[PDB]
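This report concerns only the one structure given below.
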Amino acid sequence: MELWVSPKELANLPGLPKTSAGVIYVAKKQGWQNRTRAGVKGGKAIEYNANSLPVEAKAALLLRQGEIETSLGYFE
């Protein structure tokens with residue numbers, strides 16, 4: 001499993017501030033396994049590994065994830 005996340009998506013969990021500015025700034029206070037992707041924004045964005053987020057965000061995370069997709073590229 002992986003389920004990565006984006007700063008704009010973290011800017012809504014309680015444990016995390018309501019603005020990515022605080023999440024990215026706080027990201028330095030720890031540095032959750034964040035993968036870069038030269039396509040979700042600029043030549044180098046900053047994703048966040050959901051498994052690296054604490055528990056307070058892990059709970060509220062999958063919470064606002066209601067409805068998303070059924071199954072695909074999952075090779076069954």
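Lettering and numbering for the structure tokens are positional, with chains as A, B, ... in the shown order, residues counted from 1 in each chain, and ligands counted from 1 in the shown order.
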
* Which residues in chain A does DSSP call helix (DSSP H, G or I)? List them as an NGL selection string. -> :A and (7-10 or 20-27 or 50-52 or 55-63)

Expected file contents, prior selection, C-alpha atoms, as a compact mmCIF listing (two decimals), in the first residue's frame:
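Generated file (part17.txt):
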# COMPACT_ATOMS: atom_id res chain seq x y z
CA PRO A 7 0.07 19.57 0.58
CA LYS A 8 -3.21 21.15 -0.64
CA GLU A 9 -4.94 17.93 0.49
CA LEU A 10 -3.25 18.05 3.92
CA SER A 20 -0.21 24.05 2.92
CA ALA A 21 2.11 26.92 3.90
CA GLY A 22 2.05 25.50 7.44
CA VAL A 23 2.23 21.86 6.29
CA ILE A 24 5.28 22.37 4.04
CA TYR A 25 6.89 24.69 6.61
CA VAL A 26 6.21 22.08 9.32
CA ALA A 27 7.33 19.31 6.93
CA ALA A 50 0.20 8.73 3.92
CA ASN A 51 2.00 5.94 5.82
CA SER A 52 4.58 8.55 6.95
CA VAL A 55 -2.00 9.03 13.33
CA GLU A 56 -4.05 12.22 13.77
CA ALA A 57 -3.65 12.94 10.04
CA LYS A 58 -3.92 9.27 9.00
CA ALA A 59 -7.44 9.14 10.48
CA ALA A 60 -8.73 12.46 9.09
CA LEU A 61 -6.89 11.60 5.85
CA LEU A 62 -8.76 8.48 4.68
CA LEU A 63 -11.81 10.26 6.15

message: Applying 9 Å and only C-alpha atoms, which residues near residue A:6 remain after dropping the ones on its own chain fewer than 5 positions away? List them as a PyMOL selection string.
response: chain A and resi 11+20+45-49

Quick one: pick out all strand (DSSP E or B) residues within chain A from a backbone DSSP run and write them as number ranges by chain.
-> A: 4-5, 48-49

Give me, please, the distance in Å between atom CA of residue A:28 and atom CA of residue A:15, quoted to one decimal.
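That distance, rounded to one decimal, is 15.7 Å.
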
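Each of A:66, A:53, A:16, A:2 was compared to residue A:31 using only C-alpha atoms, and A:53 turns out to be the nearest.
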
Length of the atom CA of residue A:64 to atom CA of residue A:14 vector [Å]
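Interatomic distance here is 11.6 Å.
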
- Tell me, in Å to one decimal, how far atom CA of residue A:32 is from atom CA of residue A:5.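 Separation of atom CA of residue A:32 and atom CA of residue A:5: 10.9 Å.
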
Closest of A:13, A:65, A:19, A:3 to residue A:35 - atom-to-atom distances counting only C-alpha atoms: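 Of A:13, A:65, A:19, A:3, the one nearest residue A:35 is A:3, counting only C-alpha atoms.
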